[PDB]
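Novice: Below is the structure I would like to discuss, written out as structure tokens.
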Amino acid sequence: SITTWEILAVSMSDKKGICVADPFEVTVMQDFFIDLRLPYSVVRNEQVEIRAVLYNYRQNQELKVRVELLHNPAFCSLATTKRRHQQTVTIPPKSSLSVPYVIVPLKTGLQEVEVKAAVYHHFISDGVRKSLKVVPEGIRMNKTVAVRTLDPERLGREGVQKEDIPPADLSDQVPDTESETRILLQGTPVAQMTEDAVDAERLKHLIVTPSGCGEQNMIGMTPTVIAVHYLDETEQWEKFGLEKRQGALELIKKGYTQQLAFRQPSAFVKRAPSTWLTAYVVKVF
Amino acid sequence: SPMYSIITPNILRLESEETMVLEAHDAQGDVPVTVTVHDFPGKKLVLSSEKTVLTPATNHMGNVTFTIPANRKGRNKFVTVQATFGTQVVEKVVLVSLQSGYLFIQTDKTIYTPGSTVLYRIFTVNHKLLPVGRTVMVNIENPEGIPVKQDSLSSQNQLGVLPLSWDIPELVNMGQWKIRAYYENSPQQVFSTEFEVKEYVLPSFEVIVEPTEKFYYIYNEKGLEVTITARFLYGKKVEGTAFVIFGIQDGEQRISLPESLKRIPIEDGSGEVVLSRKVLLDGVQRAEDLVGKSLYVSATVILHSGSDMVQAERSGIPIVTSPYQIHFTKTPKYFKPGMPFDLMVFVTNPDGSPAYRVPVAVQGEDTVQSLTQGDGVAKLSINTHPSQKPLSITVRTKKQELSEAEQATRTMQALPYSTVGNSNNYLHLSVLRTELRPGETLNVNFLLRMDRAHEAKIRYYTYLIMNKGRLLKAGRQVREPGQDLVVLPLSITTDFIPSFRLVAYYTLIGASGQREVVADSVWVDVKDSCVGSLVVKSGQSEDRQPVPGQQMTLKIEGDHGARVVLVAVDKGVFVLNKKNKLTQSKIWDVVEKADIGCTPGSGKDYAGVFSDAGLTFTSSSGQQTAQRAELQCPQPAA
Amino acid sequence: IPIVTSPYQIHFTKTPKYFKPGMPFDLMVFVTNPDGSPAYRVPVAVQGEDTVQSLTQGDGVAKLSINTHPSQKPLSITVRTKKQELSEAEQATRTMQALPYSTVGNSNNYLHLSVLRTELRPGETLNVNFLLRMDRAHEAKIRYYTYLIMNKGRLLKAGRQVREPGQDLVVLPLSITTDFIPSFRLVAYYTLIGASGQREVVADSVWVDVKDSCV
Amino acid sequence: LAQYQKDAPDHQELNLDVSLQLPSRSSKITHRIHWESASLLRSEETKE
Ligand SMILES: *[C@@H]1O[C@H](CO)[C@@H](O[C@@H]2O[C@H](CO)[C@@H](O[C@@H]3O[C@H](CO[C@@H]4O[C@H](CO[C@@H]5O[C@H](CO)[C@@H](O)[C@H](O)[C@@H]5O)[C@@H](O)[C@H](O)[C@@H]4O)[C@@H](O)[C@H](O)[C@@H]3O)[C@H](O)[C@H]2NC(C)=O)[C@H](O)[C@H]1NC(C)=O
Ligand SMILES: *[C@@H]1O[C@H](CO)[C@@H](O[C@@H]2O[C@H](CO)[C@@H](O[C@@H]3O[C@H](CO[C@@H]4O[C@H](CO)[C@@H](O)[C@H](O)[C@@H]4O)[C@@H](O)[C@H](O)[C@@H]3O)[C@H](O)[C@H]2NC(C)=O)[C@H](O)[C@H]1NC(C)=O
Ligand SMILES: *[C@H]1O[C@H](CO)[C@@H](O[C@@H]2O[C@H](CO)[C@@H](O[C@@H]3O[C@H](CO[C@@H]4O[C@H](CO)[C@@H](O)[C@H](O)[C@@H]4O)[C@@H](O)[C@H](O)[C@@H]3O)[C@H](O)[C@H]2NC(C)=O)[C@H](O)[C@H]1NC(C)=O
């Protein structure tokens, strides 16, 4: 390729990390050459014209050029197996010259066009052997096979929804062409439904410091315990104050310790054991 | 009164080493310190290790490097740091990020034809840009956002480089394709790079459209002058004819100007086209209205041989009343009452690129002036009064050759530093702002501000370094009684790149047996370049241009032990598409966006200075910072 | 071609021979090759402070700064080149002696002018720092500084720098033109009444080098 | 109210087990669309 390349470098060091180097350009040129320009794709049997530009970048030396289009059974031009289609044009110094070439693709597939040219007196030359895709006569399209909903729980009752899928008829598909079928599975999830909890922003009093006797200590520990349990399952500690939770855990643990000072061998230790109080202790604990 | 403080990054990260600065003020002898981290809420013990002792030989400063494992919605998750200094325990809750690192996708070409193969590499690195071995999930979506291929390779022992390839079928939709990759440990964070698919053919020459000015003055009689430069890929000049047109853009909508269509010849590989102001105004139906909109040029060169054809386009030409723009995005929004406030004026051209050599000043003080450096930042400094009233500053460009009407102005508002209990104790950090380069040394100035009644109590400053979202370094700056200004010889290495912050604070007892903390932060920009170095030049230290098929030596100057991946592409390809490439500048742009700091420096109070710099302060006395529970920085509220 | 034992030489010819007691003293290390031409990129430091460092610029001058005590005793400084690849034996050293600024009647009133020394270029602006040093008993008397500019042996300019009570550091936005070339000096002084109804004058001068190019 | 949050559903149950039997019938095909991933668009291509 007669052009300017751009080299990109990337270093990956475990000491200096990643680093993208500045692009380095390399110009590759020649005093004389051919720029055979072929279209991306050419329709079979269709006669088209291809350009062949011959560049001459000599200081002050117009070149007597002899350009020839090599024969190829895949194409139909003036050049045959026993006949050479060669012109003899002249190119001014520091300029270019286009050379027309009529051809007709005969067989599909990646074919090959080749042109060569040499100058008289000067011992220079350059041939170009590029390849162009030869596509038949057709047009892109994406016919929709089918679009149905898949839900065994709803459609088809039973529990194992089945679905018959007809193939693509494509009655108008150009012979000798490929075609792919794509299956797409997509989940259509529908969330929602969760009645909000307490604002909490205006609920900063449940953090009561447990104190008192046996039952008085529980009444003060009740709000704090259930408060943390509620804020944990609602993750509302952000709007309430994260650095406030630590002050709550201490009050809960403090209430637990104070309640141990009233654990009979089984309110006041001097008093007979209560059935309800003991049962409630289990609930909170 | 032994004061045990602790400082950690404002936002912690998973599978990465985050530093943690331990301390102990007015402490005697040694002190066993035990750092522990638990999940929130409850207790699961993500990390119990990492314990150290604060020795009086180190001014009682600790250093514990920890790492938070994985062991995996919409609501952020937090962790509870717990530092126990012997018996006294101090804990603080910090936000956690699911981002494990960055991913960079590189494709050989920018545009591909149906039938060819796409060669793409995935670079896997951490927050420190250092290579890492992880599991990566790579997908490829079509123009209509539909995945077609998905891989699951690992950069394990691959040196953070994942070479891949995919063949594009002949039967496929053309347009914009996308390659999306993400770490297996963070599905929410996805990186993507686009490559266009189109039936094309590499041209033989490029076309450049450069307007004389990188903008357009509404009151410019001459009009928008545009130059059409066309040259072959091999450098040689191009002879042909070009078709140039104009138009106005509005957000996403474009309005072509049929009466601006020109057909100028292209001699010597150059062309000249002009868009008269007459036609421009006639394009609409209030010149001051077009202000803000943009103009786009669309050229189309055709050789005199009619063999090849190229279409170029320049878009984004701003229509403004002023050749400049001023931004206070690099200037702290908080000043110290009665102390020199530094203004980092950021002058830039209408396009976005920094403006070099453009004098600026303040509303008053006609005498005060300052030119803009190569980075686009000017150095200004003003004296403030001991007033607790907000300071309003208006900076005005003073570039000659123009008029007071063509100048661009901008106004900001700085707020006084709220001191603890109105004790009027401040701390200012003035930095000699010049283009810092890895290897030089920086003179960090520490200016104290407090009555002599307690000035003898201050004997040291605690400074910390922020870099890429991690604590680079932290030390102490000695101070003797009677010194208001002390310099800190801070050597700049290759780590400070790109930008590094510097927070400094001191703590003492005064006023009325009340603990007080005063801090000040500053953000400095270092020259943006590769952490190391990588150069690629011609091996042949002589000769001219090669010939197709000829060999050539290719010298590569990089760091030792480093692996280098190469790729060569015909420039003709970039003529069709030059977007979505990979540049070192684009890398730093991403790293900077992932910064946890959201303020050029300073803050409303001591708890604000740390938070606005990406840090969290917590002491045994009670002085802590503002709770942060939001990933992204403050929503840019203009 | 010089035959010497150290590839470098140190000169304190660009460093003031007088320091302000208890104030940051600036050291302009002038490293040069054995021949005489300035040496580029050669780290230097002081006897102590192993951590302190500074590289040499293109002019052959390094930027050093040290903190002194309120002692009226002479300050001895030894600067040592710290260029790697060599040894402590191949390094060149030099020692100088700075004397404290004698204040009128021993009133201990000083004035320091610290300049951000970088290669000054006609068009830029210089931040002239004014650091005051005196008891608060008379600090409220100082309200302005009288600075003068020296250039090629003539007075280029002279003005006043305002100062409010309680300010130990004020900056002077001094714009550099094509006149300052090559080198320009800057003297600053203030006068007031104190101690015992006695007149006192305190001054401080500084010599800065501007880029050497055509006017 | 706290328990009401734990036993909360959010309306969902994407346990779909779709199978595909094309004439290529030489092996088998089975893709499962569970929650979390779910939306994940699984696709299959056949040149025939
Ligand atoms: C030491 O002595 C120096 C010489 O006297 C002083 O230098 C002058 O200082 C000023 C301020 O820095 C210089 O800068 C400016 O001058 C220009 C204008 O051009 C000038 O015209 C002046 C005025 O003549 C008349 O003024 C009256 C009153 O307004 C008008 O009615 C009349 O129409 C006309 O304007 C001259 O006096 C003048 O100097 C220039 O010829 C002005 O635009 C700026 O605002 C500013 O004044 C000025 O050029 C200096 N003079 C020179 C260089 O010749 C210096 O102030 C003083 N200080 C020291 C120590 O340097
Ligand atoms: C399945 O079949 C459909 C139908 O052929 C294919 O859709 C076509 O595909 C291409 C690529 O997605 C679409 O190109 C886009 O065109 C849009 C819109 O058209 C525009 O219309 C407005 C208003 O009239 C104007 O801007 C123009 O007239 C323009 O034509 C354009 O905005 C985009 O730039 C883009 O190129 C095309 O729209 C679309 N044709 C339709 C829907 O009729 C589809 O590709 C194919 N593939 C599959 C499997 O879906
Ligand atoms: C918080 O702690 C960290 C970690 O300790 C400190 O950061 C700096 O870490 C480097 C580690 O490379 C230390 O310097 C290194 O020294 C090693 C040689 O190993 C050590 O040698 C010394 C001297 O005998 C011993 O004390 C050690 O036990 C060990 O043998 C060398 O190979 C490296 O190249 C490097 O020079 C350095 O000690 C330390 N810097 C200091 C002192 O501040 C640092 O204390 C602090 N860091 C932060 C983030 O604030």
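Residue numbers start at 1 in each chain; chains themselves are named A, B, ... in the order of the structure tokens; ligands are numbered from 1 in the order shown.
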What are the residues of chain B lining chain D at 9 Å or less? Count only C-alpha atoms, and put the answer as a list in words.

Specialist: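 The answer, sorted by residue number, is residues 146, 147 and 148 of chain B.
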
Novice: Could you list the protein, DNA and RNA residues that have any atom within 8 Å of ligand 1, counting only C-alpha atoms and all ligand atoms, and write them as a PyMOL selection string?

Specialist: chain C and resi 148+155-159

Novice: List all protein, DNA and RNA residues that have an atom no more than 8 Å from any atom of ligand 3, counting only C-alpha atoms and all ligand atoms, and report them as a PyMOL selection string.

Specialist: chain B and resi 19+21+62-64+464+471-475

Novice: Could you write out as a ChimeraX atom specification the residues of chain D within 9 Å of chain A, counting only C-alpha atoms?

Specialist: /D:1-3,5-6,8-14,16,18,33,35,38-48

Novice: List every residue of stretch 25-93 of chain B that DSSP, applied to the backbone of this structure, assigns to strand (DSSP E), and report them as a JSON list (two decimals) with C-alpha atoms, in the first residue's frame.

Specialist:
```json
[["chain", "number", "residue", "atom", "x", "y", "z"],
["B", 32, "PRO", "CA", -1.37, -0.53, 70.92],
["B", 33, "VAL", "CA", -3.67, 0.27, 67.99],
["B", 34, "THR", "CA", -6.06, -2.28, 66.49],
["B", 35, "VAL", "CA", -7.92, -1.47, 63.27],
["B", 36, "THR", "CA", -11.00, -3.48, 62.33],
["B", 37, "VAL", "CA", -13.62, -3.26, 59.58],
["B", 38, "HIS", "CA", -17.15, -4.68, 59.67],
["B", 39, "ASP", "CA", -20.08, -4.73, 57.25],
["B", 51, "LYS", "CA", -2.67, -3.68, 63.93],
["B", 52, "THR", "CA", 0.21, -1.31, 64.68],
["B", 53, "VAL", "CA", 1.81, 0.66, 67.52],
["B", 66, "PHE", "CA", -6.04, -2.82, 54.35],
["B", 67, "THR", "CA", -8.04, -4.54, 51.61],
["B", 78, "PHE", "CA", -21.44, 0.98, 53.76],
["B", 79, "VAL", "CA", -18.74, -0.34, 56.09],
["B", 80, "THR", "CA", -17.82, 0.48, 59.68],
["B", 81, "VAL", "CA", -14.18, 1.31, 60.40],
["B", 82, "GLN", "CA", -13.21, 0.68, 64.02],
["B", 83, "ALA", "CA", -9.87, 1.86, 65.39],
["B", 84, "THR", "CA", -9.13, 0.93, 69.01],
["B", 85, "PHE", "CA", -6.32, 2.96, 70.58],
["B", 88, "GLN", "CA", -10.48, 4.10, 73.78],
["B", 89, "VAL", "CA", -12.34, 3.10, 70.63],
["B", 90, "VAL", "CA", -13.08, 5.40, 67.69],
["B", 91, "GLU", "CA", -15.26, 4.29, 64.78],
["B", 92, "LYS", "CA", -16.62, 5.86, 61.59],
["B", 93, "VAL", "CA", -18.83, 4.68, 58.72]]
```

Novice: If we count only C-alpha atoms and set the cut-off at 12 Å, which residues sit around residue C:110, ignoring sequence neighbours fewer than 5 positions away in its own chain? Please answer as number ranges by chain.

Specialist: C: 18-23, 70, 100-104, 130-135, 139, 168, 188-191, 200-204

Novice: Take the residues just selected and output them with N, CA, C and O atoms as a short mmCIF file (atom, residue, chain, number, x, y, z; two decimals), in the first residue's frame.

Specialist:
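Result written to selection_15.cif:
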```
data_model
loop_
_atom_site.label_atom_id
_atom_site.label_comp_id
_atom_site.auth_asym_id
_atom_site.auth_seq_id
_atom_site.Cartn_x
_atom_site.Cartn_y
_atom_site.Cartn_z
N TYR C 18 23.63 37.68 54.24
CA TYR C 18 22.95 38.10 55.46
C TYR C 18 21.56 37.49 55.56
O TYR C 18 20.78 37.55 54.61
N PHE C 19 21.26 36.91 56.72
CA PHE C 19 19.97 36.27 56.94
C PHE C 19 19.17 37.00 58.01
O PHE C 19 19.72 37.75 58.81
N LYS C 20 17.86 36.78 58.01
CA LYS C 20 16.98 37.36 59.02
C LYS C 20 16.70 36.35 60.12
O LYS C 20 16.09 35.31 59.87
N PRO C 21 17.16 36.64 61.34
CA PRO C 21 17.00 35.75 62.50
C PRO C 21 15.57 35.27 62.68
O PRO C 21 14.68 36.07 62.99
N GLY C 22 15.34 33.97 62.48
CA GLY C 22 14.03 33.39 62.66
C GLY C 22 13.16 33.49 61.42
O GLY C 22 11.94 33.32 61.48
N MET C 23 13.79 33.76 60.28
CA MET C 23 13.07 33.90 59.02
C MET C 23 13.69 33.06 57.91
O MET C 23 14.91 32.85 57.90
N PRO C 70 15.85 32.42 66.06
CA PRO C 70 16.00 33.81 66.50
C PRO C 70 17.33 34.07 67.21
O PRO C 70 17.39 34.87 68.13
N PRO C 100 23.58 37.79 60.85
CA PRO C 100 22.26 38.32 61.18
C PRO C 100 22.13 39.80 60.84
O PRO C 100 23.13 40.52 60.84
N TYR C 101 20.91 40.23 60.56
CA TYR C 101 20.64 41.63 60.23
C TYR C 101 20.58 42.48 61.50
O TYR C 101 19.64 42.38 62.28
N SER C 102 21.60 43.31 61.70
CA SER C 102 21.64 44.19 62.87
C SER C 102 20.54 45.24 62.82
O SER C 102 20.54 46.10 61.94
N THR C 103 19.60 45.16 63.75
CA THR C 103 18.49 46.11 63.81
C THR C 103 18.87 47.34 64.67
O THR C 103 19.56 47.19 65.67
N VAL C 104 18.48 48.55 64.23
CA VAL C 104 18.76 49.81 64.94
C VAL C 104 18.47 49.73 66.44
O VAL C 104 17.34 49.47 66.84
N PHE C 130 6.37 40.55 50.96
CA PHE C 130 6.85 41.43 52.01
C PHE C 130 6.57 40.83 53.39
O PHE C 130 5.43 40.84 53.85
N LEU C 131 7.61 40.31 54.03
CA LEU C 131 7.46 39.69 55.34
C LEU C 131 7.99 40.59 56.45
O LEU C 131 9.19 40.87 56.52
N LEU C 132 7.09 41.05 57.31
CA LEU C 132 7.45 41.93 58.41
C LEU C 132 7.85 41.14 59.65
O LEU C 132 7.42 40.00 59.84
N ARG C 133 8.67 41.75 60.50
CA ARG C 133 9.14 41.09 61.72
C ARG C 133 9.36 42.09 62.85
O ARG C 133 10.43 42.71 62.94
N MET C 134 8.36 42.25 63.71
CA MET C 134 8.46 43.15 64.85
C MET C 134 7.30 42.93 65.82
O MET C 134 6.25 42.42 65.44
N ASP C 135 7.51 43.32 67.08
CA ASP C 135 6.47 43.19 68.10
C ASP C 135 5.22 43.98 67.73
O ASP C 135 5.30 44.99 67.03
N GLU C 139 3.63 47.45 65.38
CA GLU C 139 3.30 46.90 64.07
C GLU C 139 2.17 47.69 63.41
O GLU C 139 2.07 47.74 62.18
N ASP C 168 1.49 40.31 58.09
CA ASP C 168 2.92 40.05 58.06
C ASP C 168 3.39 39.74 56.65
O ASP C 168 4.58 39.80 56.35
N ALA C 188 13.36 47.44 49.47
CA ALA C 188 12.14 47.82 50.16
C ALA C 188 12.44 48.16 51.61
O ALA C 188 13.18 47.44 52.29
N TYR C 189 11.87 49.26 52.09
CA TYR C 189 12.11 49.69 53.46
C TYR C 189 10.89 50.39 54.05
O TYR C 189 10.03 50.89 53.33
N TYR C 190 10.83 50.42 55.38
CA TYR C 190 9.76 51.11 56.09
C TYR C 190 10.35 51.90 57.25
O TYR C 190 11.37 51.51 57.83
N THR C 191 9.72 53.02 57.59
CA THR C 191 10.20 53.86 58.68
C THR C 191 9.08 54.21 59.65
O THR C 191 7.94 54.47 59.24
N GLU C 200 13.72 54.91 63.43
CA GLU C 200 14.30 53.65 62.96
C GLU C 200 13.95 53.38 61.50
O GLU C 200 12.84 53.64 61.06
N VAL C 201 14.93 52.85 60.77
CA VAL C 201 14.72 52.49 59.37
C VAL C 201 15.18 51.06 59.13
O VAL C 201 16.30 50.69 59.48
N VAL C 202 14.31 50.25 58.54
CA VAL C 202 14.63 48.86 58.24
C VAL C 202 14.42 48.57 56.76
O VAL C 202 13.38 48.89 56.20
N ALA C 203 15.42 47.96 56.13
CA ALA C 203 15.37 47.70 54.69
C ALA C 203 15.81 46.29 54.33
O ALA C 203 16.38 45.58 55.15
N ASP C 204 15.55 45.91 53.08
CA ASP C 204 15.98 44.62 52.56
C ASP C 204 15.99 44.66 51.03
O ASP C 204 15.02 45.09 50.41
#
```

Novice: Residues of chain A within 9 Å of chain B, counting only C-alpha atoms - could you list those as a VMD selection string?

Specialist: chain A and resid 1 to 30 35 37 to 41 50 to 53 57 95 to 98 140 178 to 180 232 235 238 241 to 243 245 to 246

Novice: Need to verify the contact set: residue A:134, 9 Å, only C-alpha atoms, exclusion of same-chain residues closer than 3 positions in sequence. Can you return it as an NGL selection string?

Specialist: :A and (40-44 or 105-111)

Novice: Report as a list in words: the residues of stretch 384-602 of chain B with a DSSP assignment of helix (DSSP H, G or I), based on the backbone of this structure.

Specialist: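 Everything in stretch 384-602 of chain B that counts as helix (DSSP H, G or I) is residues 420, 421, 422, 452, 453, 454, 455, 571, 572, 573, 574, 575, 584, 585, 586, 587, 588, 589, 590, 591, 592 and 593 of chain B.
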
Novice: I want to know what sits within 9 Å of residue D:30, based on only C-alpha atoms, with residues of the same chain fewer than 4 positions away left out; could you give that as a list in words?

Specialist: residues 17, 18, 19 and 20 of chain D

Novice: Within 8 Å of ligand 2 (counting only C-alpha atoms and all ligand atoms), which residues show up? I'd like them as a PDB file with N, CA and C atoms, in the first residue's frame.

Specialist:
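Printed below is result.pdb as written:
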```pdb
ATOM      1  N   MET A 141     -32.940  -7.318   2.934  1.00  0.00           N
ATOM      2  CA  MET A 141     -34.245  -7.253   3.583  1.00  0.00           C
ATOM      3  C   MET A 141     -34.293  -8.131   4.830  1.00  0.00           C
ATOM      4  N   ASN A 142     -35.177  -7.779   5.757  1.00  0.00           N
ATOM      5  CA  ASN A 142     -35.284  -8.491   7.023  1.00  0.00           C
ATOM      6  C   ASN A 142     -36.728  -8.824   7.387  1.00  0.00           C
ATOM      7  N   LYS A 143     -37.341  -9.712   6.612  1.00  0.00           N
ATOM      8  CA  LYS A 143     -38.719 -10.121   6.863  1.00  0.00           C
ATOM      9  C   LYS A 143     -38.885 -10.699   8.265  1.00  0.00           C
ATOM     10  N   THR A 144     -39.957 -10.295   8.939  1.00  0.00           N
ATOM     11  CA  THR A 144     -40.243 -10.772  10.286  1.00  0.00           C
ATOM     12  C   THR A 144     -40.912 -12.140  10.251  1.00  0.00           C
TER      13      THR A 144
ATOM     14  N   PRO B 143     -26.087  -2.191  16.066  1.00  0.00           N
ATOM     15  CA  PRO B 143     -26.663  -0.841  16.087  1.00  0.00           C
ATOM     16  C   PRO B 143     -27.957  -0.741  16.893  1.00  0.00           C
ATOM     17  N   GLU B 144     -28.774  -1.790  16.869  1.00  0.00           N
ATOM     18  CA  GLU B 144     -30.049  -1.776  17.580  1.00  0.00           C
ATOM     19  C   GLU B 144     -29.927  -2.315  19.005  1.00  0.00           C
ATOM     20  N   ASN B 173     -26.543  -5.751   9.707  1.00  0.00           N
ATOM     21  CA  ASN B 173     -26.927  -4.346   9.621  1.00  0.00           C
ATOM     22  C   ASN B 173     -25.741  -3.402   9.778  1.00  0.00           C
ATOM     23  N   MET B 174     -25.655  -2.413   8.893  1.00  0.00           N
ATOM     24  CA  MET B 174     -24.610  -1.399   8.980  1.00  0.00           C
ATOM     25  C   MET B 174     -25.008  -0.297   9.955  1.00  0.00           C
ATOM     26  N   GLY B 175     -24.017   0.437  10.448  1.00  0.00           N
ATOM     27  CA  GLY B 175     -24.263   1.514  11.389  1.00  0.00           C
ATOM     28  C   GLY B 175     -23.197   1.600  12.464  1.00  0.00           C
TER      29      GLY B 175
END
```

Novice: Taking only residues of chain B that have an atom at most 8 Å from an atom of chain C, what is each one's shortest atom pair and its distance in Å to one decimal, using only C-alpha atoms, in chain and number order, as JSON lines?

Specialist:
```
{"residue": "B:368", "atom": "CA", "partner": "C:173", "partner_atom": "CA", "distance": 6.6}
{"residue": "B:369", "atom": "CA", "partner": "C:173", "partner_atom": "CA", "distance": 7.3}
{"residue": "B:370", "atom": "CA", "partner": "C:125", "partner_atom": "CA", "distance": 6.3}
{"residue": "B:371", "atom": "CA", "partner": "C:124", "partner_atom": "CA", "distance": 6.5}
{"residue": "B:381", "atom": "CA", "partner": "C:171", "partner_atom": "CA", "distance": 7.9}
{"residue": "B:432", "atom": "CA", "partner": "C:116", "partner_atom": "CA", "distance": 7.4}
{"residue": "B:440", "atom": "CA", "partner": "C:55", "partner_atom": "CA", "distance": 6.9}
{"residue": "B:441", "atom": "CA", "partner": "C:54", "partner_atom": "CA", "distance": 6.4}
{"residue": "B:483", "atom": "CA", "partner": "C:22", "partner_atom": "CA", "distance": 7.9}
{"residue": "B:486", "atom": "CA", "partner": "C:67", "partner_atom": "CA", "distance": 7.7}
{"residue": "B:489", "atom": "CA", "partner": "C:52", "partner_atom": "CA", "distance": 6.4}
{"residue": "B:491", "atom": "CA", "partner": "C:53", "partner_atom": "CA", "distance": 7.8}
```

Novice: Write out as a PyMOL selection string the residues lying within 10 Å of stretch 117-121 of chain A, counting only C-alpha atoms and excluding same-chain residues fewer than 2 positions away.

Specialist: chain A and resi 32-34+54+63-69+86-90+115+123-128

Novice: List the neighbours of residue A:59 out to 10 Å using only C-alpha atoms; skip same-chain residues closer than 6 positions along the sequence, and give me the result as a PyMOL selection string.

Specialist: chain A and resi 31+93-94

Novice: If you keep C-alpha atoms, can you produce a file of those selected residues as an mmCIF file, in the first residue's frame?

Specialist:
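Result saved to again09.cif:
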```cif
data_model
loop_
_atom_site.group_PDB
_atom_site.id
_atom_site.type_symbol
_atom_site.label_atom_id
_atom_site.label_comp_id
_atom_site.auth_asym_id
_atom_site.auth_seq_id
_atom_site.Cartn_x
_atom_site.Cartn_y
_atom_site.Cartn_z
ATOM 1 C CA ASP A 31 8.215 8.313 -7.873
ATOM 2 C CA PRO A 93 5.640 16.087 -14.606
ATOM 3 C CA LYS A 94 4.211 16.466 -11.093
#
```

Novice: Do you have the atom CA of residue B:581-atom CA of residue B:179 distance handy?

Specialist: 13.2 Å

Novice: Rounded to one decimal in Å, what is the spacing between atom CA of residue B:10 and atom CA of residue B:379?

Specialist: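 Straight-line distance from atom CA of residue B:10 to atom CA of residue B:379 works out to 29.6 Å.
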
Novice: Quick check, in Å to one decimal: how far apart do atom CA of residue A:45 and atom CA of residue A:100 lie?

Specialist: 18.5 Å
